[PDB]
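Q: Let me give you the structure first, and then I'll get to my questions.
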Amino acid sequence: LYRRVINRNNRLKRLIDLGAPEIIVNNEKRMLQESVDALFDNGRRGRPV
Amino acid sequence: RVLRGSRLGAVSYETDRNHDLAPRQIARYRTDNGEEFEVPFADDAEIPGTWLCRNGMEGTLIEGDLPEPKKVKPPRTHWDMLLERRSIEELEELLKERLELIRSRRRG
Amino acid sequence: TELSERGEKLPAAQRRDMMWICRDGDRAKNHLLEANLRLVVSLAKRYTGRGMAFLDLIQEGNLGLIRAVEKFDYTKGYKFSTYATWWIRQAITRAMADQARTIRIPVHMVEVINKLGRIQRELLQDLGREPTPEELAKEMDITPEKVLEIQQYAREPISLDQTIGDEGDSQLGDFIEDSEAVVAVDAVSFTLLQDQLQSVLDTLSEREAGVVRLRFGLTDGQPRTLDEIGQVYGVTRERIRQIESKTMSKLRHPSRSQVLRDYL
Amino acid sequence: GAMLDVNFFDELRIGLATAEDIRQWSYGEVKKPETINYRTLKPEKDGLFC
Amino acid sequence: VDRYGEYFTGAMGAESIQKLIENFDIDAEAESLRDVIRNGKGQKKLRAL
Amino acid sequence: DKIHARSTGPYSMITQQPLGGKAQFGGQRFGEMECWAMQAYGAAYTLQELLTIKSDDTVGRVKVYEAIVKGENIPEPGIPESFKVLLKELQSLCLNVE
Amino acid sequence: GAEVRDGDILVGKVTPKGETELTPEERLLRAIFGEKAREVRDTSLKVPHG
Amino acid sequence: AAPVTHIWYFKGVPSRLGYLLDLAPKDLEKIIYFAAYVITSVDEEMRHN
DNA sequence: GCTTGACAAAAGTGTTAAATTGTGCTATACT
DNA sequence: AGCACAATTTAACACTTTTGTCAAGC
DNA sequence: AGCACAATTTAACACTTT
């Protein structure tokens with residue numbers, strides 16, 4: 001779970017510096033939110049990892 | 001069966017001490033967002049200019065040495081990927097072309 | 001940027017049209033990616049099930065699409081998808097090499113692991129049995145001492161937090177003995193060994209006990225050389241060495257060896 | 001009040017942690033998704049075991 | 001946003017929730033919630049507790 | 001197949017409590033209802049001894065063994081090392097437990 | 001046909017240990033009696049307790 | 001690189017972020033998981049005059 | 001009790017080749 | 001997959017210096 | 001699986017425009 005959080009965080013940090021359309025950045029931020037939610041309390045919102 | 005395991009490391013048995021320890025000096029680095037970090041070092045040690053501080057970002061020493069920018073580049077900054085495959089004469093005879101399309105489309 | 005320094009200043013007409021041309025150029029770079037997101041999804045949907053989740057495959061394909069639209073040439077007279085499929089497949093497979101294992105393996109070792117696994121499955125299907133290490137090294141042009149060493153890299157960690165028996169109260173971590181812990185009947189024995197060592201070393205003379213305690217580092221923890229003791233006692237290395245060679249003969253006396261023989 | 005928490009307990013207070021408190025406990029930022037080396041079985045720098 | 005886009009601000013996600021929490025005067029909501037349960041009644045009073 | 005005894009054996013990994021079962025060495029579990037019985041007796045010191053210097057007090061474990069072998073008095077217990085794991089798992093949930 | 005009991009060695013197995021450095025007391029105790037370091041470990045198969 | 005709401009203070013019962021902002025949880029999930037824009041401010045003077 | 005000469009192994013030290021790791025690129029068309 | 005190329009880490013060897021040991025001697 | 005419980009909807013209502 002820590003690896004998935006820092007993975008999606010590094011990919012967001014790369015997509016922002018590279019310059020990207022809004023859809024890819026919003027999808028990355030939603031994936032980051034779901035990764036941190038899976039870290040803190042799994043299986044609460046949506047299906048569990 | 002039992003299946004012993006170990007996180008790789010060691011446990012030494014020197015009884016601990018607290019009086020004679022080789023002497024140390026303190027450096028102080030300063031990061032980009034005005035933070036100060038104190039780092040101990042041995043006396044027989046070349047104190048480096050830049051240090052990766054506890055904040056997560058690099059901080060230089062408090063002196064005015066200014067060691068190196070080390071001439072590090074961009075990398076590929078698109079353009080370069082445009083200029084390496086297409087030359088300036090082909091772009092200048094294209095861009096102006098596109099520029100004239102701004103003139104003709106505006107009035108019809 | 002080349003005219004945002006010395007060289008000129010531009011009138012408002014050329015400023016307006018060149019800023020509009022730049023703003024229009026920034027729009028097609030979004031339009032092309034928004035067109036080809038479905039191609040990214042259709043390529044990434046047949047790598048799932050091994051290692052990475054589906055959305056991570058889509059996002060690495062999106063990074064590959066940005067690279068492919070950065071390095072695309074329209075004057076070669078080909079469709080965009082034929083060129084972009086290469087970069088998208090490369091991004092997905094490189095991500096599955098880099099960020100799919102808990103212990104990160106470099107991509108050349110992931111390449112030889114994939115090649116070994118493919119050759120093993122092909123020889124299994126040809127043979128109807130499991131192949132052998134010396135049989136596998138014949139196909140892959142390596143030594144058979146390399147094949148099992150490669151095979152002992154691709155073993156993924158078994159999770160510590162699963163229930164092991166049908167009685168679900170136990171997990172795996174309740175069965176693993178911590179071997180790097182302090183055995184309580186050894187830390188007492190080491191203390192009594194230190195006390196017995198000082199009690200035996202006190203029956204020697206004044207200088208030979210100091211020679212031994214500096215030669216083996218019993219007081220400070222850091223050992224010394226013969227020149228280091230000869231510096232503090234004002235003699236050469238051969239005078240210190242014969243003192244030590246006499247003291248070690250005095251310590252092999254049974255009155256000095258019997259009380260210490262039990263600790264080894 | 002007592003980070004070593006050795007035998008002097010008067011209270012034990014819970015509360016929300018602001019972001020100034022999280023980068024005050026911490027000893028540095030982990031910035032790579034790496035755990036340990038595959039050959040030398042030593043922890044890599046700036047990873048989850050650094 | 002392209003038309004009448006200067007009269008407001010809007011966003012998505014946790015940064016917008018952080019922006020709403022920034023412009024949140026606790027004393028106004030506290031006095032209003034004190035006054036609703038003091039004057040009004042019904043479901044509106046039962047919610048405001 | 002049933003008789004078991006343990007003075008000191010293997011300890012666990014994350015929390016340093018002893019193991020379980022005759023396959024390992026393992027200690028008998030002094031669970032919840034046994035704690036209620038010892039609290040209802042009024043025996044504070046036996047409960048504190050069973051819960052600190054016999055399971056978790058990591059520097060108390062070898063100190064009790066040394067004091068028993070040399071023949072001295074049993075020292076005062078410290079803090080259990082399974083409580084300091086709880087402070088870390090609460091601080092990792094973004095809760096300023098102080 | 002050999003009768004065993006609790007603690008006897010069944011299979012004599014010895015695993016290489018690579019490296020560690022001894023305490024000064026044990027390094028003195030090796031130099032007195034004249035015994036080598038023997039860097040390989042000792043993981044034999046002994047019968048379980050009882 | 002982008003903020004993230006704590007899951008305990010959004011997916012509880014009752015949701016504390018929903019009570020603190022007077023937003024429904026079905027609207028809060030639409031906001032923080034990138035499904036609906038939220039107006040966070042509006043200049044009342046310019047829109048008035 | 002203690003020093004000198006001589007010799008030999010062990011330990012640092014510099015350089016240089018190999019092995020190991022990181023990163024870019026592959027153009028029929030494919031949604 | 002697969003290959004090409006630069007950057008980095010390792011190991012291997014040559015050569016020097018330290019540390020240790022033997023026989024002689026007042 | 002269910003047993004309880006509290007939060008969150010269809011619908012059922014009079015009240016006020018149209």
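Chain lettering (A, B, ...) mirrors the order of the structure tokens, residue numbering begins at 1 for each chain separately, and ligand numbering begins at 1 in order of display.
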Excluding range 31-40 of chain D and any residue of its chain fewer than 6 positions from it, enumerate the residues within 12 Å of it, using only C-alpha atoms (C1' of nucleotides), and give them as a ChimeraX atom specification.
A: /A:1-11,13 /B:7-8,55-57 /C:98-106,109-110,149-150,152-157 /D:46-50 /H:1 /I:20
Q: Considering only C-alpha atoms (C1' of nucleotides), return as a PyMOL selection string whatever protein or nucleic-acid residues lie within 12 Å of range 22-27 of chain I, sequence-local ones (same chain, fewer than 6 positions apart) excluded.
A: (chain B and resi 75-76) or (chain C and resi 67-68+71-91+94+98+106-108) or (chain J and resi 1-8)
Q: Convert the current residue selection to file output with C-alpha atoms (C1' of nucleotides), as a PDB file, in the first residue's frame.
A:
```pdb
ATOM      1  CA  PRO B  75      16.859  16.880 -21.250  1.00  0.00           C
ATOM      2  CA  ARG B  76      14.578  16.740 -24.280  1.00  0.00           C
TER       3      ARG B  76
ATOM      4  CA  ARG C  67       5.986  10.431 -25.748  1.00  0.00           C
ATOM      5  CA  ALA C  68       4.596   9.096 -29.037  1.00  0.00           C
ATOM      6  CA  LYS C  71       8.047  12.041 -31.439  1.00  0.00           C
ATOM      7  CA  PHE C  72       5.508  11.663 -34.286  1.00  0.00           C
ATOM      8  CA  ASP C  73       6.355  12.471 -37.905  1.00  0.00           C
ATOM      9  CA  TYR C  74       3.467  13.145 -40.291  1.00  0.00           C
ATOM     10  CA  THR C  75       5.710  13.363 -43.367  1.00  0.00           C
ATOM     11  CA  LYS C  76       6.425   9.626 -43.318  1.00  0.00           C
ATOM     12  CA  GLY C  77       2.904   9.074 -44.642  1.00  0.00           C
ATOM     13  CA  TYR C  78       1.696   6.573 -42.051  1.00  0.00           C
ATOM     14  CA  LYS C  79      -1.222   6.451 -39.650  1.00  0.00           C
ATOM     15  CA  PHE C  80      -0.714   7.576 -36.064  1.00  0.00           C
ATOM     16  CA  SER C  81      -1.692   4.239 -34.526  1.00  0.00           C
ATOM     17  CA  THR C  82       1.023   2.220 -36.286  1.00  0.00           C
ATOM     18  CA  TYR C  83       3.717   4.421 -34.787  1.00  0.00           C
ATOM     19  CA  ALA C  84       2.090   4.978 -31.396  1.00  0.00           C
ATOM     20  CA  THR C  85       1.482   1.270 -30.699  1.00  0.00           C
ATOM     21  CA  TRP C  86       5.246   0.801 -30.287  1.00  0.00           C
ATOM     22  CA  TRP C  87       5.660   3.524 -27.668  1.00  0.00           C
ATOM     23  CA  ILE C  88       2.515   2.534 -25.769  1.00  0.00           C
ATOM     24  CA  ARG C  89       3.501  -1.151 -25.613  1.00  0.00           C
ATOM     25  CA  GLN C  90       7.017  -0.141 -24.538  1.00  0.00           C
ATOM     26  CA  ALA C  91       5.669   2.049 -21.725  1.00  0.00           C
ATOM     27  CA  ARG C  94       8.685  -1.190 -18.980  1.00  0.00           C
ATOM     28  CA  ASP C  98       9.987  -1.688 -12.989  1.00  0.00           C
ATOM     29  CA  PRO C 106      16.563  -4.375 -13.189  1.00  0.00           C
ATOM     30  CA  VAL C 107      15.053  -4.759 -16.623  1.00  0.00           C
ATOM     31  CA  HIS C 108      17.787  -6.983 -18.077  1.00  0.00           C
TER      32      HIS C 108
ATOM     33  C1'  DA J   1      11.036  -8.437 -26.917  1.00  0.00           C
ATOM     34  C1'  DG J   2      15.200  -6.779 -28.439  1.00  0.00           C
ATOM     35  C1'  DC J   3      19.141  -3.894 -29.193  1.00  0.00           C
ATOM     36  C1'  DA J   4      22.297   0.056 -28.674  1.00  0.00           C
ATOM     37  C1'  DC J   5      24.835   3.164 -25.760  1.00  0.00           C
ATOM     38  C1'  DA J   6      26.345   5.886 -21.553  1.00  0.00           C
ATOM     39  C1'  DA J   7      27.089   5.793 -16.398  1.00  0.00           C
ATOM     40  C1'  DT J   8      28.008   3.527 -12.690  1.00  0.00           C
TER      41       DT J   8
END
```
Q: Name all residues at most 12 Å from residue 1 in chain I (count only C-alpha atoms (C1' of nucleotides); drop same-chain ones fewer than 2 positions away) and give them as a PDB file with N, CA and C atoms (P, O5', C5', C4', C3', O3' and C1' of nucleotides), in the first residue's frame.
A:
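New file result09.pdb:
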```
ATOM      1  N   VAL C 235      59.092   0.840  24.293  1.00  0.00           N
ATOM      2  CA  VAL C 235      59.937  -0.212  23.751  1.00  0.00           C
ATOM      3  C   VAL C 235      59.507  -0.492  22.314  1.00  0.00           C
ATOM      4  N   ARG C 239      59.895  -6.331  21.975  1.00  0.00           N
ATOM      5  CA  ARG C 239      59.812  -6.399  23.430  1.00  0.00           C
ATOM      6  C   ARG C 239      58.374  -6.622  23.884  1.00  0.00           C
ATOM      7  N   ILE C 240      57.419  -5.958  23.230  1.00  0.00           N
ATOM      8  CA  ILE C 240      56.006  -6.156  23.545  1.00  0.00           C
ATOM      9  C   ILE C 240      55.574  -7.566  23.164  1.00  0.00           C
ATOM     10  N   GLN C 242      57.345 -10.396  23.015  1.00  0.00           N
ATOM     11  CA  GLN C 242      57.800 -11.461  23.902  1.00  0.00           C
ATOM     12  C   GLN C 242      57.116 -11.383  25.263  1.00  0.00           C
ATOM     13  N   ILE C 243      56.725 -10.176  25.691  1.00  0.00           N
ATOM     14  CA  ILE C 243      55.898 -10.025  26.887  1.00  0.00           C
ATOM     15  C   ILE C 243      54.557 -10.713  26.685  1.00  0.00           C
TER      16      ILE C 243
ATOM     17  P    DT I   3      63.889  -1.264  24.385  1.00  0.00           P
ATOM     18  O5'  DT I   3      65.095  -1.545  23.376  1.00  0.00           O
ATOM     19  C5'  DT I   3      66.343  -0.899  23.556  1.00  0.00           C
ATOM     20  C4'  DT I   3      67.323  -1.337  22.487  1.00  0.00           C
ATOM     21  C3'  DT I   3      66.902  -0.996  21.056  1.00  0.00           C
ATOM     22  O3'  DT I   3      67.974  -0.400  20.362  1.00  0.00           O
ATOM     23  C1'  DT I   3      67.403  -3.305  21.236  1.00  0.00           C
TER      24       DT I   3
ATOM     25  P    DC J  26      77.681  -9.102  22.661  1.00  0.00           P
ATOM     26  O5'  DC J  26      77.255  -8.012  23.749  1.00  0.00           O
ATOM     27  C5'  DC J  26      76.977  -6.675  23.341  1.00  0.00           C
ATOM     28  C4'  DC J  26      76.370  -5.868  24.477  1.00  0.00           C
ATOM     29  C3'  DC J  26      77.031  -6.069  25.840  1.00  0.00           C
ATOM     30  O3'  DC J  26      77.250  -4.812  26.462  1.00  0.00           O
ATOM     31  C1'  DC J  26      74.698  -6.539  25.981  1.00  0.00           C
TER      32       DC J  26
END
```
Q: Hey, could you make a per-residue contact list for chain B against chain F with 10 Å as the cut-off, showing the nearest pair of atoms and its distance in Å to one decimal, counting only C-alpha atoms, sorted by chain and number, as JSON lines?
A:
```
{"residue": "B:1", "atom": "CA", "partner": "F:23", "partner_atom": "CA", "distance": 6.3}
{"residue": "B:2", "atom": "CA", "partner": "F:24", "partner_atom": "CA", "distance": 6.0}
{"residue": "B:3", "atom": "CA", "partner": "F:24", "partner_atom": "CA", "distance": 9.2}
{"residue": "B:4", "atom": "CA", "partner": "F:10", "partner_atom": "CA", "distance": 9.1}
{"residue": "B:5", "atom": "CA", "partner": "F:13", "partner_atom": "CA", "distance": 8.9}
{"residue": "B:6", "atom": "CA", "partner": "F:13", "partner_atom": "CA", "distance": 8.9}
{"residue": "B:7", "atom": "CA", "partner": "F:13", "partner_atom": "CA", "distance": 9.5}
```
Q: Let me see the file: selected residues, C-alpha atoms, as a CSV table (one decimal), in the first residue's frame.
A:
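Everything below was put into part-v9.csv:
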```
chain,number,residue,atom,x,y,z
B,1,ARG,CA,8.5,-27.4,12.7
B,2,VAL,CA,9.5,-23.9,13.6
B,3,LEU,CA,10.7,-21.5,11.0
B,4,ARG,CA,13.0,-19.0,12.4
B,5,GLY,CA,13.7,-15.8,10.4
B,6,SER,CA,15.7,-12.6,10.7
B,7,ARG,CA,15.6,-9.1,9.4
```
Q: If you take only C-alpha atoms and a cut-off of 10 Å, which residues of chain B touch chain C, and what are their nearest atom pairs and distances in Å to one decimal, in chain and number order, as CSV?
A:
```
residue,atom,partner,partner_atom,distance
B:1,CA,C:175,CA,9.5
B:2,CA,C:176,CA,7.0
B:3,CA,C:176,CA,5.5
B:4,CA,C:177,CA,4.5
B:5,CA,C:179,CA,6.0
B:6,CA,C:179,CA,5.7
B:7,CA,C:180,CA,7.6
B:8,CA,C:180,CA,8.6
B:9,CA,C:180,CA,7.9
B:10,CA,C:180,CA,7.1
B:11,CA,C:180,CA,7.0
B:13,CA,C:187,CA,8.2
B:14,CA,C:221,CA,7.8
B:15,CA,C:191,CA,9.4
B:20,CA,C:220,CA,9.2
B:77,CA,C:70,CA,9.5
B:78,CA,C:70,CA,6.2
B:79,CA,C:70,CA,9.0
B:81,CA,C:71,CA,6.4
B:82,CA,C:71,CA,7.6
B:85,CA,C:73,CA,8.2
B:86,CA,C:73,CA,9.1
B:95,CA,C:21,CA,9.0
B:98,CA,C:21,CA,8.3
B:99,CA,C:17,CA,7.6
B:102,CA,C:17,CA,7.6
B:103,CA,C:17,CA,9.3
```
Q: Give me, as a list in words, the residues of range 20-79 of chain B that a backbone DSSP run labels strand (DSSP E).
A: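 Filtering range 20-79 of chain B down to strand (DSSP E) leaves residues 24, 25, 26, 27, 28, 29, 30, 36, 37, 38, 39, 40, 41, 42, 50, 51, 52, 58, 59, 60 and 61 of chain B.
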Q: Kindly determine which residues of chain C lie within 10 Å of chain A, considering only C-alpha atoms, and give the answer as a PyMOL selection string.
A: chain C and resi 27+29-31+33-34+37+52-53+55-56+58-60+62-63+66+99-100+102
Q: Between H:32, H:19, H:7, H:41, which residue has the minimum interatomic distance to chain F, considering only C-alpha atoms?
A: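 The answer is H:7, which sits nearest to chain F.
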Q: Name the residues in contact with range 25-37 of chain G at a cut-off of 9 Å, using only C-alpha atoms (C1' of nucleotides), excluding same-chain residues fewer than 3 positions from it; report them as a PyMOL selection string.
A: (chain C and resi 190+193-194+197+212+216-218+248-249+251-252+257+260-261+263-264) or (chain G and resi 22+40)
Q: Between B:44, B:97, B:58, B:35, single out the one closest to residue 29 in chain D, counting only C-alpha atoms.
A: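 Of all the options, B:58 lies closest to residue 29 in chain D.
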Q: Which residues come within 10 Å of range 21-27 of chain H, counting only C-alpha atoms (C1' of nucleotides), excluding same-chain residues fewer than 6 positions away, as JSON, numbers by chain?
A: {"E": [17, 20, 21, 24, 29], "H": [10, 11, 12, 14, 15, 35, 36, 38], "K": [8]}
Q: Rounded to one decimal, what separation in Å do you get between CA of residue 214 in chain C and CA of residue 201 in chain C?
A: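 Straight-line distance from CA of residue 214 in chain C to CA of residue 201 in chain C works out to 12.6 Å.
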Q: Once you count only C-alpha atoms, what closest atom pair and distance in Å to one decimal does each residue of chain F within 12 Å of chain H have, with rows by chain and rising residue number, as JSON lines?
A:
```
{"residue": "F:93", "atom": "CA", "partner": "H:6", "partner_atom": "CA", "distance": 9.2}
{"residue": "F:94", "atom": "CA", "partner": "H:6", "partner_atom": "CA", "distance": 8.7}
{"residue": "F:95", "atom": "CA", "partner": "H:6", "partner_atom": "CA", "distance": 11.1}
```
Q: Would you output that residue set with N, CA and C atoms, as a PDB file, in the first residue's frame?
A:
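Everything below was put into part26.pdb:
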```pdb
ATOM      1  N   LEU F  93      -1.759   6.825  11.710  1.00  0.00           N
ATOM      2  CA  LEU F  93      -3.113   7.106  11.263  1.00  0.00           C
ATOM      3  C   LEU F  93      -3.414   8.592  11.270  1.00  0.00           C
ATOM      4  N   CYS F  94      -2.372   9.423  11.368  1.00  0.00           N
ATOM      5  CA  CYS F  94      -2.465  10.877  11.522  1.00  0.00           C
ATOM      6  C   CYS F  94      -3.297  11.260  12.743  1.00  0.00           C
ATOM      7  N   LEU F  95      -2.858  10.799  13.909  1.00  0.00           N
ATOM      8  CA  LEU F  95      -3.439  11.178  15.187  1.00  0.00           C
ATOM      9  C   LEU F  95      -2.316  11.574  16.124  1.00  0.00           C
TER      10      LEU F  95
END
```
